[PDB]
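# Architecture and fold: a report
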Amino acid sequence: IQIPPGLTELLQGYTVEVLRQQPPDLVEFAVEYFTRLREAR
Amino acid sequence: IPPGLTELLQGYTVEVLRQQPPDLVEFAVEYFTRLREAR
Amino acid sequence: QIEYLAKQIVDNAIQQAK
């Protein structure tokens, strides 16, 4: 299976902010995190 | 490590491996938005 | 199999974030 470049780094960056912020709702936090990151490009 | 974190990210990562999307972040926005909708 | 590969990738990313 081809492993996309940047996959581990993407998962790591989300995890670092989950550990810092301790969001009760990981799914809502993912929607917001990945939306913000798409916009930070 | 919060309960649920590894399993949540595994569903996303399975779909990335299956679907080979070109933009991982856009695929994450879509996947977790649709999971939030389903919930 | 893809599901086990995904588990390894995720678990390793979480370990690295710590």
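Here is a short report on the structure shown in this document.

Cut-off values and rules
Residues numbered from 1 in each chain as written, not as in the entry; some residues may be left out. Chains lettered and ligands numbered in written order. Heavy atoms only, no water. Residues with missing side-chain atoms left out of burial classes, pairs and counts. Helix = DSSP H or I, 4+ residues; strand = E, 2+ residues; numbered from the N terminus. Buried < 20%, exposed > 50% of the residue type's maximum accessible area, 1.4 Å probe, protein only. Areas by Shrake-Rupley, 256 points an atom, 1.4 Å probe, with all protein chains shown as cover. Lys, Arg positive; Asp, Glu negative; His and termini not counted. Charge placed at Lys NZ, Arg CZ, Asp CG, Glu CD. Contact = heavy atoms within 4.5 Å. Buried area = accessible area lost by both parts, 1.4 Å probe. Salt bridge = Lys/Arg side-chain N within 4 Å of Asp/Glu carboxyl O. Polar contact = N/O pair within 3.5 Å; in protein donor to acceptor, adjacent residues only side chain to side chain. Nonpolar A, V, L, I, M, F, W, Y, C, P; charged D, E, K, R; others polar. Core = buried A, V, L, I, M, F, W, Y, C linked by side-chain atoms within 4.5 Å.

## Some remarks on the overall build of chain A
- Each helix and strand counted, chain A has two helices and zero strands in total.
- Along the three orthogonal principal directions, the C-alpha set of chain A runs to about 35 × 20 × 15 Å.
- Per-residue burial over chain A gives 39% buried out of 41 residues.
- A total accessible area of about 2500 Å² is found for chain A, and carbon and sulfur atoms account for 49% of it.
- If you average the places of the 4 positive and of the 6 negative side-chain charges in chain A, the two averages end up 6 Å apart.

## Thoughts on the interface of chain C and chain A
- Each partner contributes to the interface: chain C provides ten residues, whereas chain A provides nine residues.
- The three residues of chain C that bury the most area against chain A are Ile9, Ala13 and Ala17 of chain C, which together make up 50% of that side's buried surface.
- The tally of links from chain C across to chain A stands at zero salt bridges.
- If you look at where chain C meets chain A, you find one residue pair in polar contact.

## A word on the interface of chain B and chain A
- Contacts between chain B and chain A engage 23 residues on the former and 24 residues on the latter.
- Contact between chain B and chain A buries roughly 2000 Å² in total, counting both sides, with carbon and sulfur atoms accounting for 76%.
- At the boundary of chain B with chain A, the tally comes to three salt bridges.
- Residues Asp25 of chain A and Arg39 of chain B are paired through a salt bridge, measuring 3.0 Å at the closest nitrogen-oxygen approach.
- Joining chain B to chain A, the criterion identifies four residue pairs in polar contact.
- Of all the elements, helix α2 (residues 24-38) of chain B adds the most residues to the side of chain B that touches chain A, at nine residues.
- Its residues assigned to classes, the side of chain B that touches chain A shows 15 nonpolar, four polar and four charged.

## Concerning the environment of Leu8 of chain B
- On the secondary structure map, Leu8 of chain B appears in helix α1 (residues 5-19).
- Residue classification places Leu8 of chain B among the buried residues on the basis of a relative accessible area of 12%.
- C-alpha of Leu8 of chain B to C-alpha of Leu35 of chain B: the two residues are 27 residues apart in sequence and 9.7 Å apart in space.
- Excluding its chain neighbours within four sequence positions, the residues that come into contact with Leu8 of chain B are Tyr14, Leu26 and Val27 of chain A together with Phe32 and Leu35 of chain B.

## Re the nonpolar core
- Ranked by size, the top nonpolar core spans 31 residues in total, and within it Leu7, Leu11, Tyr14 and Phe34 of chain A together with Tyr12 and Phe32 of chain B carry the most contacts.
- Counting only elements with at least two residues in this core, the list comes to α1 (7-21) and α2 (26-39) of chain A, α1 and α2 of chain B together with α1 (2-17) of chain C.
- In this structure, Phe34 of chain A is in contact with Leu10 and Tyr14 of chain A together with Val25, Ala28, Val29 and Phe32 of chain B, ignoring residues within four places of it in sequence.

## As for the environment of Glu30 of chain B
All names here are of chain B.
- With respect to the secondary-structure elements, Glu30 resides in helix α2.
- For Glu30, a relative accessible area of 39% translates into the label partly exposed.
- The sequence separation of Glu30 and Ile1 amounts to 29 residues, and the corresponding C-alpha distance is 24 Å.

These figures capture arrangement, not role.
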